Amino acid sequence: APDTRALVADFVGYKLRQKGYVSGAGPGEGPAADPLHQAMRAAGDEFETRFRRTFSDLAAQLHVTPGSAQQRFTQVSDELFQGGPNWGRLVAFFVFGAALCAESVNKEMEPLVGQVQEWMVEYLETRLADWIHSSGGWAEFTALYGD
C-alpha cells in the first residue's frame, strides 16, 4: 500500500499554496510526482470547482435551446439525491482535511496543520483500511480520477 503520509501531505500542501496560505518548497510544491498524488489533486480541484462550473453550464444552456437549462438543472439535482461514487466521500474527506488546515493557518494556529495531517493519516490507516481496500484500493482510485 502507498505511503498515506506522503499523499495527505501532497494534497494539503497543494491546497495551502493554491489558496495562498503557504509558499516555497516542500510537499505540494509544483506538479505531483506520483499518479495517486495527481489524481487526488484533480479530484479535489473538481470537487471545489463543481458549483462554479454548474452555474456556468446552466447560465450557458439558458440560451442553447429552451428547456435545455431546466433539463440540465434536473440532471445535476438528481446527483445530490443519488450521490457520486463512494470514492466521492474520500474526496470529500481530503477536501475537509485541507480546509481544516487552511482555517488553522488563517486563525494563526499553524501547529494545528501538522496535527490535522497526522490525524488524517491515522484515520485512513485504521478506519478506512477496509473501505478503501474494498472499493478497489488506491489503484482503482487513481484510474478513475488520475487520467
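Residues carry their position along the shown sequence, with the first being 1.
Between 122 to 130 and 7 to 15 (mean CA B-factor, as deposited), the higher: Stretch with the higher mean C-alpha B-factor: 122 to 130.
Stretch with the greater mean C-alpha B-factor as recorded in the entry, comparing 22 to 30 against 66 to 74: Per the PDB entry, the higher value belongs to 22 to 30.
Highest-ranked of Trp87, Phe47, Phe96, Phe81 once sorted by CA temperature factor in the record: Max CA B-factor in the entry, restricted to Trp87, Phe47, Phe96, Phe81: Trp87.
Chain-wide C-alpha B factor ranking for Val113, given as lowest, middle or highest third: Answer is middle: the recorded C-alpha B-factor places it there.
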